[PDB]
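Secondary and tertiary structure notes
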Amino acid sequence: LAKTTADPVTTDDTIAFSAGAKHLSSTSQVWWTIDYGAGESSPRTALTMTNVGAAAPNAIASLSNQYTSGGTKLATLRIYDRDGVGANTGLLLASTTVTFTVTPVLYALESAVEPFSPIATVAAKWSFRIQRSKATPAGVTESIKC
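As recorded in the PDB entry, the protein goes by the name Mst1, listed as coming from Chlamydomonas reinhardtii.

Listed below in structure tokens is the structure:
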């Protein structure tokens, strides 16, 4: 399990992984789940094992996720040998874990008052403007309630 993205990954872009599973000499059907921190995916898929031994591992591509908050995030790929379904489960055949840092997007604020000193009875107006640490991605409009 590897992370196919450069260093500066933040909470702005969707992160993509590459995955592969193989046995020394076997062909049986083995299944997988991926966990990003919230929990394991509930419906276990079914990986068809055909490449064996020195051959490159099979493809579990299309693994991707965008993280809500920055920090030291991780991702674990677990491989099972039985359906999850209702009751039965098999065994943890193997598990892989990767860790990476996600930079957060911070917001500053600019403020002003139109009279700068509200008179003891008249109305006053506050004006604010929110400034983003980095530019919004090309196609996303951020709407903030305040």
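Text resumes after the structure shown.
Another point: the nonpolar core. Nonpolar side chains tend to gather and get buried jointly when the protein is soluble and globular. Formed by 19 residues in total, the largest nonpolar core has its most connected members in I15, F17, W32, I60, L63, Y67 and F100. Mapped by element, the contributors of at least two residues to this core are β2 (15-18), β3 (31-35), β5 (71-80) and β6 (92-102). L63 has contacts with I15, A16, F17, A19, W32, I34 and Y36, leaving out every residue within four places of it along the chain.

Looking at the secondary structure, you find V98 in strand β6. Separated by 21 residues in sequence, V98 and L77 have C-alpha atoms that sit 8.9 Å apart. Setting aside chain neighbours within four positions, we find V98 in contact with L1, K73, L74 and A75.

Here we come to the sheet that holds β2. Spatially, β1-β2-β4 is the arrangement adopted by the three strands of the open sheet, whose pairing is antiparallel. Two strands bound the open sheet, and with one partner strand each, they are β1 (2-3) and β4 (63-65). Direction of pairing for β2 relative to β4: antiparallel, over a ladder of three bridges. Across the sheet, residue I15 finds its bridge partner in β4, namely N65.

This part takes up the side chain of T33. Within the element layout of this structure, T33 appears in strand β3. Here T33 falls in the buried class, since its relative accessible area comes to 1%. Not counting the four nearest positions on each side in its chain, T33 is found in contact with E40, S41, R44, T76, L77, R78 and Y80.

What follows is about the side chain of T76. Topologically, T76 is positioned in strand β5. Classification of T76 by relative accessible area gives buried; the value is 8%. Here the side chain of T76 touches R78 through a polar contact of 2.8 Å, side chain to side chain. Sequence-distant contacts of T76, that is, excluding residues within four places in its chain, are made with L1, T33, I34, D35, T96 and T97.

What follows deals with the pattern of salt bridges. In this structure the tally under the stated criterion is six salt bridges. One salt bridge connects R132 with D12, and the closest N-O pair in it is separated by 2.8 Å. In this pair, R132 sits in strand β8 (residues 126-132) while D12 sits in the loop between β1 and β2, placing the two residues 120 residues apart along the sequence. Note that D81 is salt-bridged to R82, the shortest N-O span being 3.8 Å. Look at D81 and you get partly exposed, because its relative accessible area is 21%. A single salt-bridge network, built from bridges that share partners, covers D12, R132, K134 and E142.

Quick notes on the rules
- Residues numbered from 1 in each chain as written, not as in the entry; some residues may be left out.
- Part of a larger assembly, values for the part shown.
- Heavy atoms only, no water.
- Core = buried A, V, L, I, M, F, W, Y, C linked by side-chain atoms within 4.5 Å.
- Buried < 20%, exposed > 50% of the residue type's maximum accessible area, 1.4 Å probe, protein only.
- Helix = DSSP H or I, 4+ residues; strand = E, 2+ residues; numbered from the N terminus.
- Contact = heavy atoms within 4.5 Å.
- Pairing = 2+ DSSP bridges.
- Polar contact = N/O pair within 3.5 Å; in protein donor to acceptor, adjacent residues only side chain to side chain.
- Salt bridge = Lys/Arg side-chain N within 4 Å of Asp/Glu carboxyl O.

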